[PDB]
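Observations on the three-dimensional arrangement
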Number of protein chains: 2
Amino acid sequence: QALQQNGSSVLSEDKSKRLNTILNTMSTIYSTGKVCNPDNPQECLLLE
Amino acid sequence: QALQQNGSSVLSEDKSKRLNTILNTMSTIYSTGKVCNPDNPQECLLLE
Ligand SMILES: *[C@@H]1O[C@H](CO)[C@@H](O[C@@H]2O[C@H](CO)[C@@H](O)[C@H](O)[C@H]2NC(C)=O)[C@H](O)[C@H]1NC(C)=O
């Protein structure tokens, strides 16, 4: 049973590629998104 | 005549520091300004 689950295999190739791309985009936006001061737009901070 | 030049010494002290702050802010804005497109806001380019 632990070896039986299909996972993402049953998903179509184009749909699988789309899902992987969307997950990577999500992770990249979360990791490298920054906001900026309203009175000094040349000073912008990451999250962590 | 070259040596007798007065320069900005004739200006008031508070106005002198105000002018120096303005010049420094101008230089910093020009040097560190950056822009980026709405397609991928996580890639912003300097000028040079
Ligand atoms: C994982 O996906 C494959 C699909 O290829 C499943 O295989 C099917 O199994 C059913 C049930 O016996 C058959 O009716 C189909 O003919 C099979 N399709 C094939 C071989 O292409 C497999 O069962 C899935 N694993 C699960 C649900 O645990």
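Residues numbered from 1 in each chain as written, not as in the entry; some residues may be left out. Chains lettered and ligands numbered in written order. Part of a larger assembly, values for the part shown. Heavy atoms only, no water.

For this deposition, the record names cryo-EM as the technique by which the model was determined and cites 3.18 Å as its resolution.

Time to look at the state of the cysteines. All names here are of chain A. The tally for this structure, following the rule as stated, stands at two disulfides over all chains. Across the disulfide, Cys36 is cross-linked to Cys44 (sulfur-sulfur distance 2.0 Å). Measuring handedness by torsion sign, the sulfur bridge of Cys36 and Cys44 sits at about 100° and is right-handed. (Disulfide = S-S within 2.5 Å.)

On to the relation of the copies chain A and chain B, then. What connects the two chain copies is a rotation about an axis and a shift along it. When chain A is brought onto chain B, the operation consists of a screw motion whose angular component is 180° and whose axial shift is 0.1 Å, with 0.4 Å RMSD remaining. Those values place the two copies in the arrangement expected of a two-fold rotation axis. Within chain A, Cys44 of chain A has its C-alpha nearest the rotation axis, a separation of 5.9 Å. When the interface residues of chain A are mapped onto chain B, 100% of them again fall at the interface, so both copies present the same face. (Least-squares fit on C-alpha atoms. Contact = heavy atoms within 4.5 Å.)

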